[PDB]
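Coordinates in review
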Amino acid sequence: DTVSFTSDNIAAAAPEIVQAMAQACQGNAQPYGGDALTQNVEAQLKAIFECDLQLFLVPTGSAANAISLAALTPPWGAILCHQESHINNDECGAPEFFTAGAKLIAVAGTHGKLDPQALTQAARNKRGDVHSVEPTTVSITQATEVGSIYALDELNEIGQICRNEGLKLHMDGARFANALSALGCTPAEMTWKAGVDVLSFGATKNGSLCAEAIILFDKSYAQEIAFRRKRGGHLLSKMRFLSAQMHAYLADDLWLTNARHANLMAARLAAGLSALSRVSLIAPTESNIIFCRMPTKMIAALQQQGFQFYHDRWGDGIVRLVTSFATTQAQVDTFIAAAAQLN
Amino acid sequence: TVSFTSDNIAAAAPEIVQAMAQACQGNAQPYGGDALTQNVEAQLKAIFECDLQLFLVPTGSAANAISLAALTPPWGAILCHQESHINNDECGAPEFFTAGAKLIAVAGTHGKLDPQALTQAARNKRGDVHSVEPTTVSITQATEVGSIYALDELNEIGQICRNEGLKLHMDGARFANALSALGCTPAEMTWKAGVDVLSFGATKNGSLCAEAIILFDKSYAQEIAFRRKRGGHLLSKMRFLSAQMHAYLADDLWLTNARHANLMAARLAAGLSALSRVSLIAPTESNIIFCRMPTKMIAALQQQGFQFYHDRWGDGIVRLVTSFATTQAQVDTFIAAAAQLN
Amino acid sequence: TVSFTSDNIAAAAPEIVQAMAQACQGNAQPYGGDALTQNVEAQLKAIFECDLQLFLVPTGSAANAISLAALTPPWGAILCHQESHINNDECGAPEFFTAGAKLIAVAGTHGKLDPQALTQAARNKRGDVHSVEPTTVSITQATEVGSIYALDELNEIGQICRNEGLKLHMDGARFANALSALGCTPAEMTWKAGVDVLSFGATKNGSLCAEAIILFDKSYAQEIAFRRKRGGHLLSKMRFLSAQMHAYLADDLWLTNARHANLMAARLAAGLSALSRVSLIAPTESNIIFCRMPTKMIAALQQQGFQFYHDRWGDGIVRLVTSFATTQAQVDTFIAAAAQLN
Amino acid sequence: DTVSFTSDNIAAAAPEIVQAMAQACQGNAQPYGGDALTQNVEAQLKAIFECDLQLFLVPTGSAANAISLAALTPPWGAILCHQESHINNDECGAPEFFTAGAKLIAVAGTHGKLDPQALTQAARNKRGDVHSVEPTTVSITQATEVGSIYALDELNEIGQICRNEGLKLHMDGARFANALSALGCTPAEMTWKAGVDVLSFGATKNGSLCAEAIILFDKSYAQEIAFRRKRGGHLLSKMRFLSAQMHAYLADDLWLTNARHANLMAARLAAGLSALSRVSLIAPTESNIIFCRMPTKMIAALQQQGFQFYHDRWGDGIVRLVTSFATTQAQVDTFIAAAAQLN
């Protein structure tokens, strides 16, 4: 039962990250992010993104989305996003809670990526009608929930659509490092250079304990996010224990190394499974998330052998396999050999 | 730099950070599905001598707002003290989670609620559709100024909530500091007095960010679970919040850390009150001291590297907060520096 | 000009404005304490053949938002059609009153929910703390596309709500148009089918602004009474909202206005459908008609002075809505003008 | 049968008000304020207040207060008002609901007014503190709930405080005309000349049915008030029947005449009572609201004779008497004669 591909949050934290917390719990520090360790992490993130920004460390990626969307969306506003996006399905209405009831309008798109024409139509729809909610913000997940990745030309176009229609762009980066490692571009080209204004920098699924970051590029919303982070109960007094994780998460490119390894194990797992006759991939994997089609008997037999994964959410035969930074080749190859015998 | 500003400046106890290292191995079911979250819940059931449900949260203000949101309707009112944490230092976190409930201040001394004023506030404009209806009460134990409710005052507040059909929530951010001074069992300070939901605090008493919502009336379990997730306070890697709480309760570490913090405040106040120009404004009950000093003493102590809060309550008024990590040398140093400036 | 945009452009019925002048004499107890508001409620108890509770509101959007808010928790979900009014033309009024409840669109043909698609959306991710919990269903009768739920279709939805622990709300802004086309009793259309709260619409059928929240499950009476006051929908001089509803129901005037509106729509649809280039999306059931016209014909009718809503649902799709004041000459003028354009 | 002085909401409309809705009935009109009568009413208020403004007709004065405060106050903001204000007591948290949970902070003051020193102290309190809500808006009631009337000097002083502290000033004017008639000033001097940004122009208590007006002087919140009026359910389709009330309300100075009559019948009622030996006035009468002390037996006898009033909400023997536009000199003389016989 120890071989699981349900999610990347089942894994523990990196040894370098837990040791940073043990080295941080020394002496006294000014609470609520006014310490020296938090200032170093914000300055380090500025050099990584090659621009000025403001750090808002939060304990949950869902809170990183809800606080970000609340600073940009008025209660009468609308948040354009994908139907399968995380803010629309697996947050228990956390955006609707923080935005004081702003509506989330699902926009058509393939492979978890917003279609540019469908986004422009949704943005201009009923603009000027007092009887309708007004689209103000667009949310894109990078990497997407279905294991796909926006390319640089796909991100730049969405940003331009936001510019032309007066919309704000928020990037859900719970698996940000997986998309960055698969493209090899700089973090700036994948964020603010493409038009992203607020970024939900995710680190928990990539090796941290709970240290998530709201990376704000448009500092005009700084007062909003700061007040809304405290108002939501996400301003921790002993902040240095969340910035200790992020400091080790960014040191020596540990975050890039962890994400690269997770993407390799997923490509190895998808290669071994798609080679089977009765198994097919819904799309070639680009991150650490795999969506494949297996015969229904193969799903039940694999779960009966101890393998844990997510099924029966996206239809019949659809199985989601997610690797982590701590996934070993033995775990991947064992899952391949087990499904091969059933084939 | 010797500081008595608050207990949130200290780190965690060495056992707390080490229990996370042991929990940092292997894979575990996320969002509280691990056996460690089940253990700390079963451990808290044995401590409070009753059945309960645990909801770990990162901050104590989140524990308050989530607890109050499960008990208070939007058209309801939360009866609390004027100087309470939920009414001042949360940026309207209760008003946010409760979908706009109204916090009504109730008169009282030393951050405590007066039973007469509470009864008059609970019965004000009952049945009137034009006014918000009182529904819940919030008390802080120990209070924001370090005062401690007696078990007899908690029973009276609890009986008022039963007579008026209200719900009782306790802000236990410094729960351990009040429990050690009373020497009573946790059950007598909570559900035996009538407390329905408890914000079990541990951060100030030696944890990194382990706060707990202790629900005694399990009829609100579905609302707390949904609102904690809806508010973004449901962490995936729960075993790292549970590992802090496991070491926090193991071998009575929380009772020892609190007894040490309360004891260090007693020595600091007794040594300062022995000075001619230094007097105590209120008797020290937990780990928060309120004393009066000469204005030159305050500036001279802050030039030497001593940190504390002063202007927030008056001229010459100085607040000193000791934590589990304040040493006997740090207490005697601040006293000797004040004695020289005397 | 001759307009078929909506039935809210119409005047007030002469009997409605007459009743307001008959009620502007003397004093009366405010906020519904008068004898006229109590008479209108008792008059509705006899019409619906059951005990109920009346909550007069100035707007049908508020009637939907207040009703759904009393039934939905903030972490809950409202199951409705994609083209429903609460999901399109209320500026998030349900999301506002419900403190951010998520409106989930359920598949359905001709603006009517599919029973098999509704039962799947209710069971979907039940027990998942990460997902919003479906709590209520909202069906519009008559619907926005001009269709009408039959009695067997209303009872099936009511059974699915009872099977999945859901609460049923009925949007009845054009409730009378659906009742007159079926000829059944108001009880058979509402609570007998399983409806728990009804947005009884009267403005579009000849009233100025007297909308009514008819509550059959009186356990939510306290919620609605507090939420319409909390939303600013509790008028002091309510005897002038109940004066409209009294004349609205007097001598079956509301049934006479609705029957006339449906007959004028059947006349308009018959003449247009007989034309060569004009097609009906579906046969008309209420006072609302959706038809397909050539693009040149639409602009030509707009250039002659005729008013209707277009380019909101597609190319060539035109919505024509008749009112109680629509004359046969206005209808025959629109038929003759569109016929000349062929 | 019963001669009541409970409030001015028990009365009906002026004859001109109900006759105006009958004339605005005939014909078809564009809904949701698109008709010509709603525009003409807005044009009249531009001439009455001698400035450019925007009109938002609402059914209740609580809706006028809550919608106005929601446009000015952010969710983390704070509303400064009096403890006994209508928004803090008799609206069932309507301001808290429309503002998405903004806090209402009570400011000390006498006769329902705000003290300038206590207001500056509440505005400067805990500025820049992220843990505390930030004061953003001020709300004053003219005339106050106890019938007291702000002077023009007191109104201008509060306005400069709002400008010195970056605050927005909203005025609750449910009995606006009662205060305007006694001061004898222009409507502009009472509102925007003193710094009022949005006004809850009240008319129901002065002879209307439900024609309450949100008058916006700072049209930067125009888009926000329109969205918040519709989102709250206060955008009526057949608005030509709310503006028809307001057209007759403003025609031929009917609103000034009704308010003067209400203030006159109150001054006559207070003069005849204070002359009696056993009933005294607690405060000088300024508008249509009176406060007087009576022995307990006189209250019970007046209650058994049919007279209606509030008698135990403020103290021992404290009786509040409220006159309206429909109060006659026969109704005033009858109440005084009955109380004189009891004396």
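Residues numbered from 1 in each chain as written, not as in the entry; some residues may be left out. Chains lettered and ligands numbered in written order. Heavy atoms only, no water.

- For this coordinate set, the PDB header names X-ray crystallography as the determination method and states a resolution of 2.80 Å.

Observations regarding empty space enclosed by the protein
- The final tally for this structure, using the stated rule, is twelve cavities of 30 Å³ or more.
- Here the largest cavity defines a volume of roughly 340 Å³.
- As for the largest cavity, its lining consists of 31 residues, of which A:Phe97, A:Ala100, B:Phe96, B:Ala99 and D:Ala100 are closest to the centre.
- Of all the secondary-structure elements, those providing two or more residues to the lining of the largest cavity are α5 (94–98) and α9 (222–231) of chain A, α4 (93–97) and α9 (221–230) of chain B, α4 (93–97) and α9 (221–230) of chain C together with α5 (94–98) of chain D.
- For the lining of the largest cavity, a count of residues per class yields 16 nonpolar, five polar and ten charged.
- Computed from the structure, the second largest cavity encloses a volume of approximately 80 Å³.
- Around the second largest cavity sit A:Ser4, A:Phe5, A:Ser7, A:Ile10, A:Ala11, A:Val322, A:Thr323, A:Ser324, A:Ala326, A:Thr327, A:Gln331 and B:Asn27, which together line it.
- Within the lining of the second largest cavity, the residues separate by chemical class into five nonpolar, seven polar and no charged. (1 Å grid on protein atoms, 1.4 Å probe; cavity = no way out; pocket = protein on both sides within 12 Å on 5 of 7 lines; lining within 4 Å. Points joined across faces, edges and corners; volume = space filled by probe spheres on them. Helix = DSSP H or I, 4+ residues; strand = E, 2+ residues; numbered from the N terminus. Nonpolar A, V, L, I, M, F, W, Y, C, P; charged D, E, K, R; others polar.)

Side note on the interface of chain A and chain D
- Taken together, the contact between chain A and chain D spans 19 residues of the former and 19 residues of the latter.
- A combined buried area of about 1800 Å² lies between chain A and chain D, and 65% of that area is made up of carbon and sulfur atoms.
- Among the residues chain A hides against chain D, the three largest losses belong to A:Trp76, A:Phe227 and A:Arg231. Together they make up 39% of the total.
- Our enumeration of links across chain A and chain D arrives at zero salt bridges.
- Linking chain A with chain D are nine residue pairs in polar contact.
- Take the side of chain A that touches chain D: its biggest share by element is seven residues, from α9(A).
- Among the residues making up the side of chain A that touches chain D, the classes are represented as nine nonpolar, four polar and six charged. (Contact = heavy atoms within 4.5 Å. Buried area = accessible area lost by both parts, 1.4 Å probe. Salt bridge = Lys/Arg side-chain N within 4 Å of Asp/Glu carboxyl O. Polar contact = N/O pair within 3.5 Å; in protein donor to acceptor, adjacent residues only side chain to side chain.)

Examining the domain arrangement of chain A
Residue and element names in this part refer to chain A.
- Parsing chain A into structural domains produces domain 1 (15–252) and domain 2 (254–342).
- For domain 1 versus domain 2, the distance between C-alpha centres works out to 28 Å.
- Counting residues at the interface gives 27 residues for domain 1, matched by 18 residues for domain 2.
- Carbon and sulfur atoms make up 58% of the surface buried where domain 1 meets domain 2, a total of about 1800 Å² over both sides.
- At the boundary of domain 1 with domain 2, the tally comes to zero salt bridges.
- Put simply, domain 1 and domain 2 have eleven residue pairs in polar contact between them.
- Listing elements by their share of the side of domain 1 that touches domain 2, those giving two or more residues are α1 (15–24), α8 (176–183) and α10 (240–250).
- The biggest single contributor to the side of domain 1 that touches domain 2 is α8, with six residues. (Domains from an automatic or database assignment.)

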